[PDB]
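Asks: Supplied in structure tokens, the structure appears directly below.
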Amino acid sequence: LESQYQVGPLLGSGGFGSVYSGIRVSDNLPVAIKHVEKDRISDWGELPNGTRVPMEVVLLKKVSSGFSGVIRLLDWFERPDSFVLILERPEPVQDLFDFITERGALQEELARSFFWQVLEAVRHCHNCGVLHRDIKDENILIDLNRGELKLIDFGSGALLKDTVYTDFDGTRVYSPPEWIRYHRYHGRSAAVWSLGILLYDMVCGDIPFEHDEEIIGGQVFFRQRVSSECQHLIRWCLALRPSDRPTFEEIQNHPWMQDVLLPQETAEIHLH
Ligand SMILES: O=C(Nc1[nH]nc2cc(-c3ccc(O)cc3)ccc12)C1CC1
């Protein structure tokens, strides 16, 4: 490790863990090094070769094959009492929370581009057999030069299945009403809820629900000017009955999702 990567300062230590900035010696590639104690890992899994690792590592490996809108796992290590994860690091970079906080609600054209990229990245995960379970602004990075959104933190993920989930260790204010009322949910439909929350956030500059009475209420009030169509989609994604929510297909053929800008154009138009 220490001769191959050189550890720099500390990036964050919110939900993901203790993540530091690194530079890989061989080619000066920017990376992010995440450490995790073994004592604090609540959730284990096995690799293809049947090694016992953190689920995070398991899920990361599955999604890291191929180019996608997901930060890729490049390497990883086991130590006596921790595991170390080497990850991509865009530069310059900023998460979607800070972006929104600095700049207010995003214009619709921008939100569309971003939201699409999120959608696309999430479909990738599902195709790969992985359910993120913690989709939110804090877990989305923006390469500010390329206009590319990347998805992060598989610390609450799970293998994607078509049966019910009884556990959930994600974000409460992003969690759907089926979890609030019944501590039961299915992956995709839950995932769609969070994208409704996410979309709202982008266009309103804030999440729509603070409390549970609000969540299970299923009334969206818009604090900002949002087009009639974008509201329609948001309200659809946040439909109380899981079965009444759209599918990823249905979302991306929604009128509001049409004529998306390229990532590059988005950068030129909204980031430079
Ligand atoms: O997010 C920033 N830099 C970063 N670059 N790459 C990261 C990967 C991760 C990361 C952490 C856990 C995981 O399962 C997958 C990816 C976190 C942060 C990363 C910051 C604050 C501006």
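Here's how to read the names in the structure tokens: chain A, B, ... by the order shown, residue numbers from 1 in each chain, ligand numbers from 1 in the order shown.
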Using DSSP on the backbone, list every residue of range 3-160 of chain A that comes out as strand (DSSP E), and give them as an MDAnalysis selection string.
Replies: chainID A and resid 5:12 18:24 29:37 44:46 52:54 73:78 82:88 93:95 130:131 140:143 148:151 158:159
Asks: For ligand 1, collect every residue having any atom at a distance of at most 8 Å from a ligand atom (counting only C-alpha atoms and all ligand atoms); output as a PyMOL selection string.
Replies: chain A and resi 11-12+16-17+19+21+31-34+56-57+60+71-73+85+87-90+93-95+139-141+151-155
Asks: Which residues of range 67-125 of chain A have any atom within 6 Å of an atom in range 188-207 of chain A when counting only C-alpha atoms, and what is the closest pair of atoms for each, with the distance in Å to one decimal? Order the rows by chain and rising number and write it as CSV.
Replies:
```
residue,atom,partner,partner_atom,distance
A:104,CA,A:205,CA,5.5
A:105,CA,A:205,CA,4.1
A:106,CA,A:203,CA,5.4
A:111,CA,A:202,CA,5.9
```
Asks: So which residues touch range 123-126 of chain A within 9 Å, counting only C-alpha atoms, skipping near sequence neighbours fewer than 6 positions away, as a PDB file with N, CA and C atoms, in the first residue's frame?
Replies:
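Written output follows (selection_23.pdb):
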```
ATOM      1  N   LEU A  59     -20.504  -5.153  -3.555  1.00  0.00           N
ATOM      2  CA  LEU A  59     -21.349  -4.392  -4.454  1.00  0.00           C
ATOM      3  C   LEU A  59     -20.506  -3.521  -5.362  1.00  0.00           C
ATOM      4  N   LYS A  62     -19.091  -5.431  -8.335  1.00  0.00           N
ATOM      5  CA  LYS A  62     -20.138  -5.766  -9.316  1.00  0.00           C
ATOM      6  C   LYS A  62     -20.441  -4.610 -10.296  1.00  0.00           C
ATOM      7  N   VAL A  63     -20.391  -3.387  -9.783  1.00  0.00           N
ATOM      8  CA  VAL A  63     -20.730  -2.191 -10.574  1.00  0.00           C
ATOM      9  C   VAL A  63     -19.520  -1.555 -11.254  1.00  0.00           C
ATOM     10  N   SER A  68     -19.365   3.871 -16.412  1.00  0.00           N
ATOM     11  CA  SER A  68     -20.724   4.193 -15.984  1.00  0.00           C
ATOM     12  C   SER A  68     -20.721   5.449 -15.123  1.00  0.00           C
ATOM     13  N   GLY A  69     -21.910   5.881 -14.696  1.00  0.00           N
ATOM     14  CA  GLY A  69     -22.040   7.031 -13.802  1.00  0.00           C
ATOM     15  C   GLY A  69     -21.881   6.660 -12.338  1.00  0.00           C
ATOM     16  N   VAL A  70     -20.894   5.803 -12.049  1.00  0.00           N
ATOM     17  CA  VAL A  70     -20.648   5.284 -10.698  1.00  0.00           C
ATOM     18  C   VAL A  70     -19.153   5.335 -10.414  1.00  0.00           C
ATOM     19  N   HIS A 132     -28.656   0.416  -4.496  1.00  0.00           N
ATOM     20  CA  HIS A 132     -27.899   1.396  -3.699  1.00  0.00           C
ATOM     21  C   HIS A 132     -28.489   1.679  -2.307  1.00  0.00           C
ATOM     22  N   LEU A 159     -27.770  -6.580  -2.414  1.00  0.00           N
ATOM     23  CA  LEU A 159     -28.012  -7.254  -3.670  1.00  0.00           C
ATOM     24  C   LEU A 159     -29.465  -7.000  -4.080  1.00  0.00           C
ATOM     25  N   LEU A 160     -29.668  -6.809  -5.377  1.00  0.00           N
ATOM     26  CA  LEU A 160     -30.984  -6.515  -5.883  1.00  0.00           C
ATOM     27  C   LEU A 160     -31.690  -7.816  -5.987  1.00  0.00           C
ATOM     28  N   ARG A 188     -36.753  -1.542  -6.367  1.00  0.00           N
ATOM     29  CA  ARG A 188     -36.959  -0.584  -7.413  1.00  0.00           C
ATOM     30  C   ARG A 188     -37.889   0.493  -7.004  1.00  0.00           C
ATOM     31  N   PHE A 248     -38.522   2.803 -14.317  1.00  0.00           N
ATOM     32  CA  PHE A 248     -37.408   3.587 -14.826  1.00  0.00           C
ATOM     33  C   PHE A 248     -37.670   3.942 -16.274  1.00  0.00           C
TER      34      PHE A 248
END
```
Asks: For CA of residue 230 in chain A and CA of residue 98 in chain A, quote the distance in Å rounded to one decimal.
Replies: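 Spanning CA of residue 230 in chain A to CA of residue 98 in chain A is a straight-line distance of 22.6 Å.
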Asks: For each of A:1, A:130, A:7, A:142, take the minimum atom-to-atom distance to residue 75 in chain A, counting only C-alpha atoms, then give the residue where this is smallest.
Replies: A:1
Asks: Could you give me the residues within range 47-209 of chain A that DSSP places in helix (DSSP H, G or I), as a PyMOL selection string?
Replies: chain A and resi 55-64+96-103+108-128+137-139+172-174+177-182+187-204
Asks: Do you know which residues are at most 9 Å from residue 183 in chain A counting only C-alpha atoms, after dropping those on the same chain fewer than 6 positions away, and could you put them as number ranges by chain?
Replies: A: 165-168, 177
Asks: Between A:225, A:35, A:172, A:24, which has the minimum distance to residue 10 in chain A (counting only C-alpha atoms)?
Replies: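 Between A:225, A:35, A:172, A:24, the residue approaching residue 10 in chain A most closely is A:35.
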Asks: Which residue is closest to residue 186 in chain A? Choose from A:74, A:96, A:53, A:158 and count only C-alpha atoms.
Replies: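 Smallest separation from residue 186 in chain A among the options: A:158.
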Asks: I'd like the interatomic distance between CA of residue 52 in chain A and CA of residue 157 in chain A, to a tenth of an Å.
Replies: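 Those two atoms sit 16.5 Å apart.
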